[PDB]
Every structure is written in C-alpha cells, then in structure tokens.
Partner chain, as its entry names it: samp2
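Given as structure tokens, the chain that follows is alone and in the form deposited without the partner chain.
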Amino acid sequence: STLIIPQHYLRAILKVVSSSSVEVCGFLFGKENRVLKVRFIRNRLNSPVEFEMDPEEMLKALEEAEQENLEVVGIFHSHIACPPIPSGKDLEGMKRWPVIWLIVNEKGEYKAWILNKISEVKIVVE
C-alpha cells in the first residue's frame, strides 16, 4: 500500500496544522491511491486531543466529490505534539471508515495507515 499525494497539498495541510490549537481533519479525494483534491472539514469537537467531522459539512463534501466523480482516497487528521500513529479511538474510526488514514502533526511529521490488521502505508510525495 502506498498513498500518492502532491507536495503542495501535503504542505498546505501541514501549514494549516502548524497554526491550529485543535485537531484538524478532512478528506483526501481522488482515485485509486492518488490524492487529487483536499477538503478540510470542521472538527465539531473543537479539541486538541480528538476530532469528529461536522456531519452537515461532511455530507456536503461527499456530495460535491460525487458530482465530480471523485472517491474518498483517505481521511486526514492531525495530532498536537504526539506522533502520527493511530490512537485507540483512531483505530475505532478506521474500522468505520476503512480507507487510508493520513495522520500529521505540528512538527511536520506524517504517516499513513490502513486496516483486524493495521499496516503502515508508504507516502509517495509528488
């Protein structure tokens, strides 16, 4: 498993994360394992230790991707301070949404994960 993401999209995510006091989250839209569009979604928990997508904004984003013939390649979110490795609650979310999970933090670290076996996904930056 690999995740192919354009450099400028990953840098844009990292830049938002570097300025956020709460966990950030959103969708990686595209095709196969290739990211073609990034969509931030509001973290309705407003929290530095967990996230939950605003459901109305989530549905709107999914509708817009469908209109554009895009699929959900992944879910991305950030951690504050701690490493980009799934938490226990993250693993529960990966079972609900078994796509690629990209995790980043404010130190510029990034790793990707996919599902009862969890494996790291190699990130290919383009």
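Positions refer to the first chain, counted from 1.
Omitted from view is the form deposited with the partner chain bound, to which the following refers.
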Q) Looking at the partner chain in the deposited complex, is some heavy atom of each of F27, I75 and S87 within 4.5 Å of it? A) yes
Q) Can any non-hydrogen atom of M58 be found within 4.5 angstroms of the partner chain in the deposited complex? A) yes
Q: Look up in the deposited complex whether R44 has a non-hydrogen atom within 4.5 angstroms of the partner chain, and give yes or no.
A: yes
Q. Closest heavy atom of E63 to the partner chain in the deposited complex, within 4.5 Å or not?
A. yes
Q) Any chance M53 has a heavy atom within 4.5 Å of the partner chain in the deposited complex? A) yes
Q.
Suppose contact means any heavy atom within 4.5 Å; which members of 92-108 contact the partner chain in the deposited complex?
A. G93, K95, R96, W97, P98, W101
